[PDB]
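As a plain string of letters, each chain reads:
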Amino acid sequence: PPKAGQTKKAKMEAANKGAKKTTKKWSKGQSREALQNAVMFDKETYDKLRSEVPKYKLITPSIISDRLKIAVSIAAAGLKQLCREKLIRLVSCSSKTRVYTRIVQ
Amino acid sequence: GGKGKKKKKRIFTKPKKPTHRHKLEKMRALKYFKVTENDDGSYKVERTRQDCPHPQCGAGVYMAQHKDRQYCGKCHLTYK
RNA sequence: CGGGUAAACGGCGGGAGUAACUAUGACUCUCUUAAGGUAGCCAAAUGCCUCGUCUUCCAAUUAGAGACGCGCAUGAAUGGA
RNA sequence: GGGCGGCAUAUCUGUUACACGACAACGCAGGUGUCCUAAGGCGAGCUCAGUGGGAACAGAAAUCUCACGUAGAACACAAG
RNA sequence: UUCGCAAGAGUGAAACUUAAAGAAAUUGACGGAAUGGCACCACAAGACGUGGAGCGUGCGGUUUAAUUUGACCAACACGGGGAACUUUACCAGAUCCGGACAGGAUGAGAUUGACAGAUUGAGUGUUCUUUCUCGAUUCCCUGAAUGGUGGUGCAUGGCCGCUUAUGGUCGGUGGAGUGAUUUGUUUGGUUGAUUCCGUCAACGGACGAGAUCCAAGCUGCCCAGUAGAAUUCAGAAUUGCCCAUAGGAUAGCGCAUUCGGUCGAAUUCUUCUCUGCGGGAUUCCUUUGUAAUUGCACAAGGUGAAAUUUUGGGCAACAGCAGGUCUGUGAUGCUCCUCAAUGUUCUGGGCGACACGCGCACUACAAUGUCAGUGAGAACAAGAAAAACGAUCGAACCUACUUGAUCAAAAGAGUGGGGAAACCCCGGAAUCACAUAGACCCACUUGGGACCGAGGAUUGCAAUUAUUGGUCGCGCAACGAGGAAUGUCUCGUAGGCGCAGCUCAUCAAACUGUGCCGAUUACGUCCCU
RNA sequence: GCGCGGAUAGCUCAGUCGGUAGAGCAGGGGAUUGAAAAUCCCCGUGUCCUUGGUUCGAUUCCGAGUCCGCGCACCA
RNA sequence: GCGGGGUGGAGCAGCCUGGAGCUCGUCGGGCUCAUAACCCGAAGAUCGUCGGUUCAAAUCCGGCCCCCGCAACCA
RNA sequence: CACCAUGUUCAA
Ligand SMILES: [K+]
Ligand SMILES: [K+]
Ligand SMILES: [K+]
Ligand SMILES: [K+]
Ligand SMILES: [K+]
Ligand SMILES: [K+]
Ligand SMILES: [K+]
Ligand SMILES: [K+]
Ligand SMILES: [K+]
Ligand SMILES: [K+]
Ligand SMILES: [K+]
Ligand SMILES: [K+]
Ligand SMILES: [K+]
Ligand SMILES: [K+]
Ligand SMILES: [Mg+2]
Ligand SMILES: [Mg+2]
Ligand SMILES: [Mg+2]
Ligand SMILES: [Mg+2]
Ligand SMILES: [Mg+2]
Ligand SMILES: [Mg+2]
Ligand SMILES: [Mg+2]
Ligand SMILES: [Mg+2]
Ligand SMILES: [Mg+2]
Ligand SMILES: [Mg+2]
Ligand SMILES: [Mg+2]
Ligand SMILES: [Mg+2]
Ligand SMILES: [Mg+2]
Ligand SMILES: [Mg+2]
Ligand SMILES: [Mg+2]
Ligand SMILES: [Mg+2]
Ligand SMILES: [Mg+2]
Ligand SMILES: [Mg+2]
Ligand SMILES: [Mg+2]
Ligand SMILES: [Mg+2]
Ligand SMILES: [Mg+2]
Ligand SMILES: [Mg+2]
Ligand SMILES: [Mg+2]
Ligand SMILES: [Mg+2]
Ligand SMILES: [Mg+2]
Ligand SMILES: [Mg+2]
Ligand code: NA
Ligand code: NA
Ligand code: NA
Ligand code: NA
Ligand code: NA
Ligand code: NA
Ligand code: NA
Ligand code: NA
Ligand code: NA
Ligand code: NA
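A few points on the structure.

**A look at the overall build of chain A**
1) Next: Tallying secondary structure elements over chain A gives 4 helices and 2 strands in all.
2) Next: In chain A, the succession of helices and strands from N to C terminus is α-α-α-α-β-β.
3) Next: In terms of overall size, chain A is more extended than a compact globule, its C-alpha atoms giving a radius of gyration of 28 Å where 105 residues would be expected to give roughly 13 Å.
4) Next: Here the C-alpha coordinates of chain A stretch approximately 90 × 30 × 20 Å along the principal axes.
5) Next: For chain A, restricting intrachain contacts to residue pairs at least 6 apart in sequence, the fraction spanning at least 24 positions comes to 46%.

So this is what it looks like as structure tokens:
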């Protein structure tokens, strides 16, 4: 075995006692600002969804959340409602993803 | 750690146990029998030691006698 | 301001560690200058300590000579040997 | 002695200094050449330094509260 | 001592020290010398990681009565090494002789074994008190002998690993050298190849390479009551007008579809499946290609299931290494212990012990996601017992079905089947899919489960140092993609995903295989090794 | 001649001036080795200089010192 | 008598209140067959000691203990 | 044409 030369038991003991914590953090990280997204609709936010969200060429739950500062869970819920009232039309659909667009005229 | 199969030479605290030697009783069968004399001159002998009841335990073999118990060598059954 | 010039006047460092007995320090670290004293020479008419230390000279040597050199404060035409 | 040192060369407080005032030394202990538009002026409110009992994080020590507190604080800088 | 301005030049010892110093050639090895090739245990173009976190595991240290020990590219999930007891080799203690045999002293009383009380960790005759039983098997002591996971792998055998994954190695006779040695075995092209063609002081051979062998893909004969299929009769089901809570896209335009429980019959057959010998592929075919100026070949395309060692393995020469193993063996020499044993059993502990450092894994850091549903769907494989025990079978082994169930999981039971193409099994694996109109919505958060608490069940002679599941809590434990460094890899491959076997009474973060989903990049080079 | 500073393990050198003995090297025994060097682990050490006040007691506070270092001793 | 200095284990800045820096050394991990060199990180300070000032002292004001200089002349 | 130092003693 590579038994270190001139290494003491006191040298050993002082090595492990100083080996706790210290060296770490090999990544920069670059922290981000928190996203304050509302979990329920306000009166003015719900008014924007019924009026401003239509006549958008591309409509997506993640897009609407980025506009109205709301959660995607309720952003998707409002979009499903706007389809029930035929204000927007659904172009691509799956379990995980829905794409909507404005109606013609 | 220690050397491979090196003699230990450990001290002993307890006294050494001697080996058990069989204590020999001289003329054993003379003690198991008491000789009686009949008026015709013939001698009748009856054993003073009990017989172990179990047929598997020595049909025709004797049974010990202590002050507190009575047991046998073969059947190992004891009476108190 | 920018160059040259010391046979112009002149000037020519300090602290610490280190070799398998122990001294010592070839070796290394560090602070530093315009350059950090080179070849030599020396208790020299130049050494304070100092009547330095060793050898020699005497019966006895603060003297003399030969050595050594941490040289208060030796040293190169302020010419060195 | 002079020189080197210092300054006793202009000047403030305490002590020497002897209970009026005055008093020497290169006597002792320290200061002065500055600083302040507020650190000047006035009015009004308040009480300081410290302790003690208590109140999350709170611990000797952060802030709140009640008492006691003759100055034991502060008044730019030496001292009275 | 002579000469020289000096620097020096001429002449020129000894004491002492030493077994070689030298010369030229040979074979190796080495070169920050040259030439030609090759290899992702190399790089290039990249992939996915490891190095950062938690945890499993091995290694070193520390600790300890002991934390048994080997190994330091080619040691470190390696010793098939996942150790509760055993294993087990270590530590604290207690038994047995498994000291055969020979020679002596006892001896038909040599001895063996023991209930009760206590000695003890032991309702352990170990020993002791007290006796009974046994019987010539044994005890006493002298030599000897045996056993040992004792030492020594630097005394060895065998086996293995490595040099060393490349193309290497060796005689005979002849030639050349005084000889080691050389030629053959060489250069040119080619090839993975000392593979071939050509040349030739070499001619003939031998081994390795290739061939052979085993699995994959295509196919022939054979073949089925341990594999299946298609029809025909019957018996049952849907049946046409229907437009989803918003309902898009995607085949149908003589007889309409289904129904492995409808456990229904009959007939026919080998399309799938099973497999012992075969076939099939070799540069075979073609370039106004490269090369050829003979050749050996090569590159593109064709034929084809397969197009270049077809793909993946197995085997693998000669020389070695003081490589590993004396911990596989009744493999072993020498040596060590040998009756309070280094033998052998039994009890308990340890191998796991934690300021720390390292190898290899596992799980992650989330939305190309986590949960809760639903669908369709593999392959390799394993399954029970004796000169024992019960009445030649029957129980151990693996399962399916039912029940438990008039209410959690894990369980627990009953019945039946399977000696394994027959039962499991129509093998309902997980990645995966879902127009699921499902929840979450960027946060150390429904990510991540480390750590810990209480209940309960199972395996075992024994669960404390949690053996392992299952339930509810903790989750405020790090971890938000990882510095310098560094591993493996060219196509059904990497990466991902499970499954079986193996260790296994109980326990896979392991290995050995297996199939599933399936790429990026390169078709090179000698810059690094 | 006087003043100052040192006398601690076998050697060298630390020690809160008042409870302190820290070590390195030299030795004995193990780990490693094919045997060694080297390296690591475990063990034997000690008031100095002499009296007093002894802080409750002294290398550590005083007196004497030895024994060694380091300075300095008419005037013209 | 006059002037300057004690700062991580070594040498040396900062000494211009609110603070300790540089090189080496030490430790951990890399590269290497291994050491050095080299690469990536870490730890280590009563700023001699005793007081005072200040809201606050390496840093300002005094005492002490050392270290280094310059003076010590005419008799 | 950047930098690239070293390897304790005997014996296989
Ligand atoms: K001058
Ligand atoms: K004389
Ligand atoms: K005022
Ligand atoms: K030669
Ligand atoms: K290899
Ligand atoms: K270990
Ligand atoms: K055993
Ligand atoms: K061998
Ligand atoms: K070869
Ligand atoms: K010849
Ligand atoms: K080639
Ligand atoms: K092989
Ligand atoms: K061989
Ligand atoms: K050297
Ligand atoms: Mg000189
Ligand atoms: Mg001189
Ligand atoms: Mg003179
Ligand atoms: Mg004279
Ligand atoms: Mg003289
Ligand atoms: Mg002289
Ligand atoms: Mg001079
Ligand atoms: Mg001069
Ligand atoms: Mg005067
Ligand atoms: Mg008066
Ligand atoms: Mg008066
Ligand atoms: Mg590599
Ligand atoms: Mg890790
Ligand atoms: Mg780590
Ligand atoms: Mg290799
Ligand atoms: Mg391994
Ligand atoms: Mg286990
Ligand atoms: Mg044993
Ligand atoms: Mg054996
Ligand atoms: Mg060997
Ligand atoms: Mg040859
Ligand atoms: Mg060879
Ligand atoms: Mg045991
Ligand atoms: Mg282990
Ligand atoms: Mg539990
Ligand atoms: Mg294993
Ligand atoms: Na006022
Ligand atoms: Na001469
Ligand atoms: Na040669
Ligand atoms: Na690469
Ligand atoms: Na990583
Ligand atoms: Na010949
Ligand atoms: Na020949
Ligand atoms: Na042996
Ligand atoms: Na190369
Ligand atoms: Na020797």
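Let's pick the thread back up.
**A look at the pattern of salt bridges**
Residues and elements named next belong to chain B.
1) Next: If you walk through the whole model with that rule in mind, you get 3 salt bridges over all chains.
2) Next: In this structure, the salt-bridge partner of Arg 47 is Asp 51, at a minimum N-O distance of 3.8 Å.
3) Next: Given the relative accessible area of 41%, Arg 47 is considered partly exposed.
4) Next: The salt bridge involving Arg 69 is made with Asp 68; its shortest N-O contact spans 3.2 Å.

**Some remarks on the nonpolar core**
The nonpolar side chains of a soluble globular protein tend to be buried with one another.
1) Next: Of all hydrophobic cores here, the largest spans 13 residues; its most connected members are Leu 49, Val 53, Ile 64 and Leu 79 of chain A.
2) Next: If you list the elements that add at least two residues to this core, you get α3 (61–68) and α4 (72–84) of chain A.
3) Next: Per-element tally for this core: the top contributor is α4 of chain A, with 4 residues.
4) Next: Those residues within four positions of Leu 49 of chain A in sequence are excluded, and the remaining contacts are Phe 41, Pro 54, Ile 64, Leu 68, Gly 78, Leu 79 and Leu 82 of chain A.
5) Next: If you look at the next biggest cluster of nonpolar residues, it comprises 5 residues, including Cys 52, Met 63, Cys 72 and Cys 75 of chain B.

**Quick look at a nonpolar patch on the surface**
Residues and elements named next belong to chain B.
1) Next: Among the surface-exposed residues, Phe 33, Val 35, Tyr 43 and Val 45 lie close enough to one another that they form a single nonpolar patch of about 380 Å² accessible area.
2) Next: Breaking the nonpolar patch down by element, the ones donating at least two residues are β1 (33–37) and β2 (43–47).
3) Next: Residue class for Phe 33 comes out partly exposed when judged on its relative accessible area of 31%.

**Comments concerning the protein's contact with RNA strand G**
1) Next: Near RNA strand G you find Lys 11, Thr 22, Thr 23 and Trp 26 of chain A, and these make up its full shell.
2) Next: A share of 100% is what sugar and phosphate atoms reach among the atoms of RNA strand G within 4 Å of the protein.

**Concerning unusual backbone geometry**
1) Next: Positive phi values are uncommon outside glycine, yet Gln 6 of chain A reaches one of about 60°.
2) Next: Its place among the elements puts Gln 6 of chain A in the segment before α1 (9–17).
3) Next: One non-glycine residue with positive phi stands out, namely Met 27 of chain B, at about 55°.
4) Next: By the secondary structure assignment, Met 27 of chain B is in the segment before α1 (28–31).

**Overview of the pairing of β2 of chain B**
Residue and element names in this part refer to chain B.
1) Next: Sheet analysis places β1 next to β2, joined by 5 bridges and oriented antiparallel. Considered in β2, the bridge of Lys 34 is made with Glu 46.
2) Next: Where β1 folds back onto β2 in an antiparallel hairpin, the turn is made up of 5 residues, including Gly 41, whose phi is positive at roughly 100°.

**Some remarks on the packing of aromatic side chains**
Residue and element names in this part refer to chain B.
1) Next: Counted according to the given criterion, the structure contains 3 aromatic pairs over all chains.
2) Next: With centroids separated by 5.9 Å and ring planes inclined at 85°, the aromatic side chains of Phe 33 and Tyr 62 adopt a geometry described as edge-to-face. Within this pair, whereas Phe 33 is found in strand β1, its partner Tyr 62 is found in strand β4 (residues 62–63), the two being separated by 29 residues in sequence.
3) Next: Grouping aromatic residues by their ring pairs yields a cluster made of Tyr 32, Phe 33 and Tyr 62.

Criteria and cut-off values
- Residues numbered from 1 in each chain as written, not as in the entry; some residues may be left out.
- Chains lettered and ligands numbered in written order.
- Part of a larger assembly, values for the part shown.
- Heavy atoms only, no water.
- Residues with missing side-chain atoms left out of burial classes, pairs and counts.
- Helix = DSSP H or I, 4+ residues; strand = E, 2+ residues; numbered from the N terminus.
- Rg over C-alpha atoms; globule rule 2.2 N^0.38 Å.
- Contact = heavy atoms within 4.5 Å.
- Salt bridge = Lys/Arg side-chain N within 4 Å of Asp/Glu carboxyl O.
- Buried < 20%, exposed > 50% of the residue type's maximum accessible area, 1.4 Å probe, protein only.
- Core = buried A, V, L, I, M, F, W, Y, C linked by side-chain atoms within 4.5 Å.
- Patch = residues over 30% accessible without salt bridge, like charges linked within 9 Å, V, L, I, M, F, W, Y side chains within 5 Å.
- Areas by Shrake-Rupley, 256 points an atom, 1.4 Å probe, with all protein chains shown as cover.
- Near = heavy atom within 4 Å.
- Pairing = 2+ DSSP bridges.
- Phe/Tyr/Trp six-rings, centres within 6.5 Å; stacked < 30°, edge-to-face > 60°.

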